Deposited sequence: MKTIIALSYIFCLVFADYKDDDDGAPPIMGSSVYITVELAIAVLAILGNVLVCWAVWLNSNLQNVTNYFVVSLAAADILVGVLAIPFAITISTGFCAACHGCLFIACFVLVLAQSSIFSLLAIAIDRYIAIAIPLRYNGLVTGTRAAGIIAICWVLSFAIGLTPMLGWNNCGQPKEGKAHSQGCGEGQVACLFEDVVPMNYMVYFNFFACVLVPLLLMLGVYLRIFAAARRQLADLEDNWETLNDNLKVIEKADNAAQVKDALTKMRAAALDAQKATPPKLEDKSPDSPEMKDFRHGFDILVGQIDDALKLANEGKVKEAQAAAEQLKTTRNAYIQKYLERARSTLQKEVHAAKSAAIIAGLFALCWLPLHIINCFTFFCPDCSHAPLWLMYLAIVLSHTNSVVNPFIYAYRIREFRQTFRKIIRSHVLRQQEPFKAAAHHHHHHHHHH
């Protein structure tokens, strides 16, 4: 069959993906610019991620359509159009890792987050990561390429001029670079790091949620211990356990009343006044109902919002892996199994197309999972 037919389907699908990648991610950038509730450090990496996907539609996809034709070109110019998508994918990996690390700092040290993670430091990390993405993605342009050994038979059959090659990805970009350097070192290792960070985020959140329910249980159990105590020394022991727990959960008016009321009951318990200490300890229930339960449920609601936001960011990282892994796995078969027939052209186009679809998916995940984004999208679209 004429090459231009299956080429037309591939190119048409690519152009459709490019249109969707630009539109959805311009909408993400417009939402962050317009809404100050979306202007935080986490979303500055989201915007950098969206900028990379905009460039996938504007440059990488036109480059991919070009490289698929095998047109005659100077080898190093062919190398650039083949490698620029590697820059954008690397930038995405840095942004995804930074988002995960940012959410871990928020869940692990919320007391120092605003002092450690600032907009100025975020903007500098983003600039550094873009420079490193160019260095990693364009490493073949520094000499690790196949331009020294061109397929002159393919170039002559295409009528290419002197110094030109049939511009094809696997003819200019070495497979050992794509497998060992790009996939294993620069893609697989950071994704595995992302997985570990997310595991530590969800483990820390589960630990802090368990600690809240434990402190709540310890407060109410020691309440009953005081109620059914038989001597003043037992009430003293239980109150000492409540006071240490009250200060640990405090690390404002409700806790000042709570600790003060415990100190009251502990003073009577030291004097041997058991029924006076028990009666004073009963006043803690009034403080617990009016103040302590409100703090526990607000902290619980805040921790669950962080789990929800971390799940949304993990889905984004997972979809990046799902969309990009098939192409990388095919490269592994090409490189590691020279006795295996090369994957057919239609599967390569499908794997290339699938990797490009990742540039479309993030704006949907924000709209479906983040209310502030969804509402800002609606306002932008409606107006």
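| Could you give the ranges of the deposited sequence that carry no C-alpha coordinates? | Coordinates drop out over 1 to 24, 276 to 294, 427 to 449.
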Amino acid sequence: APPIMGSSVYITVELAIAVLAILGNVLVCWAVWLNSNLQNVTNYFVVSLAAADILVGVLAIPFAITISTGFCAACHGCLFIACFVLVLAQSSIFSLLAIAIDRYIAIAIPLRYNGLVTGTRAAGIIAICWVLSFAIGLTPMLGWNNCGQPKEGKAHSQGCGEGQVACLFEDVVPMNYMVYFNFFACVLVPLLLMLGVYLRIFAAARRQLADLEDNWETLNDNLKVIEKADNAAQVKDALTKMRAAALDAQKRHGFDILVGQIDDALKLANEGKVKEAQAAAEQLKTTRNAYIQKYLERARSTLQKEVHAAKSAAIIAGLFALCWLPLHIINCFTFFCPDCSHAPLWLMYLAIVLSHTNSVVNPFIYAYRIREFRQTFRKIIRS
From here on, numbers count along this sequence of modelled residues.
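| task | Taking the mean of the C-alpha B-factors per stretch from the entry, tell me the winner out of 29 to 37 and 43 to 51. | result | It is 29 to 37.
| message | Please compare 194 to 202 with 115 to 123 and name the stretch with the higher mean C-alpha B-factor in the deposited structure. | response | Higher mean C-alpha B-factor: 115 to 123.
| Quick one: which of 129, 107, 82, 262 has the biggest Cα B-factor according to the entry? | Highest C-alpha B-factor among the listed options: 262.
| task | Sort 179, 232, 167, 307 by C-alpha B-factor from the entry and give me just the highest. | result | Comparing C-alpha B-factors across 179, 232, 167, 307, the top value belongs to 232.
| request: Within this chain's modelled residues, let me know which third the CA B factor of residue 91 belongs to: lowest, middle or highest. | output: Bottom third by C-alpha B-factor.
| request: Determine, from the deposited record, the chain-internal third of the Cα B-factor for residue 161: lowest, middle or highest. | output: For residue 161, the deposited C-alpha B-factor lands in the middle third.
| Relative C-alpha B-factor of residue 75, binned into the chain's lowest, middle or highest third | Middle third - that is where residue 75 ends up once the chain's C-alpha B-factors are sorted.
| query | Hey, what third does residue 257 fall into on Cα B-factor, ranked over its chain? | reply | For residue 257, the deposited C-alpha B-factor lands in the highest third.
| said: How does the C-alpha B factor of residue 293 compare with the rest of the chain: lowest, middle or highest third? | reply: For residue 293, the deposited C-alpha B-factor lands in the highest third.
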